Structure formats: C-alpha cells, structure tokens
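In what follows, a structure is listed as structure tokens, so that the remarks can point back to it.
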Amino acid sequence: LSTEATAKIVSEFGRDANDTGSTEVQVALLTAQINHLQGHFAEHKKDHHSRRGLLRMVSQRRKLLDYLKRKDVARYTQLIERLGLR
RNA sequence: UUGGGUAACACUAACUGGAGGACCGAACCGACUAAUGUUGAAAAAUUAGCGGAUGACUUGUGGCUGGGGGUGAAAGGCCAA
C-alpha cells in the first residue's frame with residue numbers, strides 16, 4: 001500500500017481534519033489491507049502463514065465494528081454502507 | 001439456485017434438477033420344476049408354475065475374414081438337423 005494510497009483513504013474517512021485514528025478511519029485501513037490480502041489468497045493458496053495475518057486483521061475489524069455499532073448505531077450503518085463489509 | 005450463519009473454509013434449510021451395464025413391469029428375453037406328447041401337431045412341441053428388462057444393448061440389408069483354417073466373455077462350444 002503506497003503512502004498516498006494510505007493517506008488518501010484516511011482523509012476520505014476522516015471524521016474531521018487531522019483525524020488519524022477513529023473507528024471509521026481504522027476500520028477503513030483494515031478493510032483496505034484485508035482486500036489486498038484476500039486478493040493475495042486467490043493466488044498463493046500455499047501461503048498459510050499469511051492466512052493467520054488476515055485472521056488477526058479481520059478479528060480486529062470485527063471488534064472495532066462491534067464497538068461502534070454498540071455505541072453509535074448510526075455511524076455504523078453509514079460506515080458499512082460506504083466500505084461494503086458484511 | 002435462493003436465503004441464512006462465517007474472515008475464510010465451508011455449513012444448514014428450502015427449491016431446482018433428475019443420473020444410474022439400477023429396481024418392478026409392455027414389445028421381449030430366458031427357460032428352474034412337473035404332467036401331456038413320445039410311429040407326437042413338433043427330428044426337442046404343448047400346458048401350469050418360474051427368472052430377467054438403455055445398453056459392452058437388440059435388429060434388417062449390404063460387405064469382409066475359410067480350413068487342420070476360421071470363429072470362440074473357451075464349452076473342445078460353433079462353421080446350414
């Protein structure tokens with residue numbers, strides 16, 4: 001993931017200016033990495049060690065969403081709708 | 001295929017679909033048990049009872065391979081009683 005590719009995905013999801021670590025921002029980056037990693041699975045079926053990597057990643061995202069939906073259900077439906085998870 | 005659960009793997013339910021030298025059975029094939037017949041209707045036939053059924057299947061016509069040769073899922077079976 002390129003620098004600008006990361007900085008841009010953080011800005012488009014950033015709640016406000018200078019928003020680096022937020023529920024929607026975090027999950028955004030994780031989702032991205034997950035996508036690239038999942039696509040990395042379509043190929044290299046043998047790469048088992050990487051499978052564990054995404055497991056932790058997706059687990060983190062699952063917990064982040066669980067926290068969000070639990071607190072603000074509105075920000076949740078919005079986040080998912082924008083990304084495309086679930 | 002749809003729905004649901006899962007990160008994925010894959011799972012569950014419903015629906016769809018319907019293969020299978022598969023099963024019971026028609027064309028049909030086979031033909032175990034008895035009597036009739038046995039100068040018989042018949043040089044192996046009749047009757048009751050009895051077994052099997054989309055395939056490497058069955059069948060018409062045409063054509064090929066021949067004598068100690070051929071042909072034979074072989075029984076020394078068949079090559080016009």
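Chain identifiers are assigned as A, B, and so on, following the order in which chains appear in the structure tokens; residues are numbered from 1 within each chain, and ligands are numbered from 1 in order of appearance.
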Interface list for chain B, partner chain A, 12 Å threshold, only C-alpha atoms (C1' of nucleotides), as number ranges by chain: B: 5-9
Mind dumping the selected residues with N, CA, C and O atoms (P, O5', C5', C4', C3', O3' and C1' of nucleotides) as a PDB file, in the first residue's frame?
```pdb
ATOM      1  P     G B   5     -27.462 -13.698   8.657  1.00  0.00           P
ATOM      2  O5'   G B   5     -26.459 -14.790   9.241  1.00  0.00           O
ATOM      3  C5'   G B   5     -26.618 -15.290  10.566  1.00  0.00           C
ATOM      4  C4'   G B   5     -25.639 -16.412  10.825  1.00  0.00           C
ATOM      5  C3'   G B   5     -24.176 -16.091  10.561  1.00  0.00           C
ATOM      6  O3'   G B   5     -23.574 -15.446  11.675  1.00  0.00           O
ATOM      7  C1'   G B   5     -24.713 -18.157   9.557  1.00  0.00           C
ATOM      8  P     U B   6     -22.377 -14.400  11.435  1.00  0.00           P
ATOM      9  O5'   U B   6     -21.210 -15.281  10.803  1.00  0.00           O
ATOM     10  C5'   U B   6     -20.395 -16.111  11.626  1.00  0.00           C
ATOM     11  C4'   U B   6     -19.207 -16.624  10.845  1.00  0.00           C
ATOM     12  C3'   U B   6     -18.383 -15.574  10.118  1.00  0.00           C
ATOM     13  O3'   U B   6     -17.448 -14.934  10.977  1.00  0.00           O
ATOM     14  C1'   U B   6     -18.804 -17.373   8.656  1.00  0.00           C
ATOM     15  P     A B   7     -16.959 -13.441  10.639  1.00  0.00           P
ATOM     16  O5'   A B   7     -16.420 -13.545   9.143  1.00  0.00           O
ATOM     17  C5'   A B   7     -16.121 -12.374   8.385  1.00  0.00           C
ATOM     18  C4'   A B   7     -14.853 -12.581   7.590  1.00  0.00           C
ATOM     19  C3'   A B   7     -14.852 -13.789   6.663  1.00  0.00           C
ATOM     20  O3'   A B   7     -15.393 -13.443   5.389  1.00  0.00           O
ATOM     21  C1'   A B   7     -12.891 -13.806   7.982  1.00  0.00           C
ATOM     22  P     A B   8     -16.276 -14.514   4.578  1.00  0.00           P
ATOM     23  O5'   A B   8     -15.235 -15.642   4.151  1.00  0.00           O
ATOM     24  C5'   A B   8     -14.191 -15.362   3.220  1.00  0.00           C
ATOM     25  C4'   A B   8     -13.126 -16.432   3.293  1.00  0.00           C
ATOM     26  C3'   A B   8     -13.598 -17.853   3.022  1.00  0.00           C
ATOM     27  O3'   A B   8     -13.573 -18.141   1.627  1.00  0.00           O
ATOM     28  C1'   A B   8     -12.337 -17.817   5.017  1.00  0.00           C
ATOM     29  P     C B   9     -14.537 -19.281   1.027  1.00  0.00           P
ATOM     30  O5'   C B   9     -14.038 -20.623   1.726  1.00  0.00           O
ATOM     31  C5'   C B   9     -12.719 -21.119   1.510  1.00  0.00           C
ATOM     32  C4'   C B   9     -12.406 -22.213   2.505  1.00  0.00           C
ATOM     33  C3'   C B   9     -13.366 -23.393   2.493  1.00  0.00           C
ATOM     34  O3'   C B   9     -12.957 -24.363   1.534  1.00  0.00           O
ATOM     35  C1'   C B   9     -13.066 -22.640   4.717  1.00  0.00           C
TER      36        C B   9
END
```
How many Å lie between CA of residue 21 in chain A and CA of residue 86 in chain A, rounded to one decimal? 21.9 Å
Spatial neighbours of residue 75 in chain A, 12 Å, only C-alpha atoms (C1' of nucleotides), chain gap at least 3 places, as a PyMOL selection string: chain A and resi 13+15+22-25+65-72+78-82
Take the selection from the previous step and output its residues with C-alpha atoms, as a PDB file, in the first residue's frame.
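What follows is the written file result-v4.pdb:
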```
ATOM      1  CA  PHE A  13     -12.961   8.514   6.012  1.00  0.00           C
ATOM      2  CA  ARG A  15     -14.324  12.388  10.640  1.00  0.00           C
ATOM      3  CA  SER A  22     -11.015   6.817  14.562  1.00  0.00           C
ATOM      4  CA  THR A  23     -13.411   3.864  14.416  1.00  0.00           C
ATOM      5  CA  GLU A  24     -14.353   4.646  10.811  1.00  0.00           C
ATOM      6  CA  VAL A  25     -10.779   5.526   9.846  1.00  0.00           C
ATOM      7  CA  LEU A  65     -17.356  -2.529  14.396  1.00  0.00           C
ATOM      8  CA  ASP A  66     -18.801  -4.339  17.411  1.00  0.00           C
ATOM      9  CA  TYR A  67     -17.683  -1.365  19.497  1.00  0.00           C
ATOM     10  CA  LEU A  68     -19.076   1.197  17.058  1.00  0.00           C
ATOM     11  CA  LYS A  69     -22.478  -0.407  16.484  1.00  0.00           C
ATOM     12  CA  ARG A  70     -22.721  -0.834  20.252  1.00  0.00           C
ATOM     13  CA  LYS A  71     -22.172   2.868  20.930  1.00  0.00           C
ATOM     14  CA  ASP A  72     -23.297   4.750  17.820  1.00  0.00           C
ATOM     15  CA  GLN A  78     -23.009   4.593   7.422  1.00  0.00           C
ATOM     16  CA  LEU A  79     -19.515   3.120   7.709  1.00  0.00           C
ATOM     17  CA  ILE A  80     -20.544  -0.286   6.343  1.00  0.00           C
ATOM     18  CA  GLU A  81     -22.569   1.297   3.538  1.00  0.00           C
ATOM     19  CA  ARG A  82     -19.521   3.297   2.456  1.00  0.00           C
TER      20      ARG A  82
END
```
Using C1' of residue 59 in chain B and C1' of residue 28 in chain B as the two end points, give the distance in Å to one decimal.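 So the two atoms, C1' of residue 59 in chain B and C1' of residue 28 in chain B, lie 12.3 Å apart.
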Fewer than 2 positions away in the same chain doesn't count, so skip those; otherwise give me all residues within 10 Å of residue 49 in chain B, counting only C-alpha atoms (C1' of nucleotides), as a PyMOL selection string. chain B and resi 33-34+47
Distance query residue 11 in chain A at most 10 Å, only C-alpha atoms (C1' of nucleotides), self and fewer than 6 positions along chain excluded, as a ChimeraX atom specification: /A:17-20,25
Output C-alpha atoms for every residue in that selection, as an mmCIF file, in the first residue's frame.
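Here's the written file part_22.cif:
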```
data_model
loop_
_atom_site.group_PDB
_atom_site.id
_atom_site.type_symbol
_atom_site.label_atom_id
_atom_site.label_comp_id
_atom_site.auth_asym_id
_atom_site.auth_seq_id
_atom_site.Cartn_x
_atom_site.Cartn_y
_atom_site.Cartn_z
ATOM 1 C CA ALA A 17 -9.369 17.451 9.794
ATOM 2 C CA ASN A 18 -6.287 15.730 11.226
ATOM 3 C CA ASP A 19 -8.331 12.636 12.088
ATOM 4 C CA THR A 20 -5.833 9.764 12.123
ATOM 5 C CA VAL A 25 -10.779 5.526 9.846
#
```
Go through range 17-80 of chain A and collect every residue that DSSP, computed from the backbone, puts in alpha helix (DSSP H); the answer should be as JSON, numbers by chain. {"A": [23, 24, 25, 26, 27, 28, 29, 30, 31, 32, 33, 34, 35, 36, 37, 38, 39, 40, 41, 42, 49, 50, 51, 52, 53, 54, 55, 56, 57, 58, 59, 60, 61, 62, 63, 64, 65, 66, 67, 68, 69, 70, 71, 73, 74, 75, 76, 77, 78, 79, 80]}
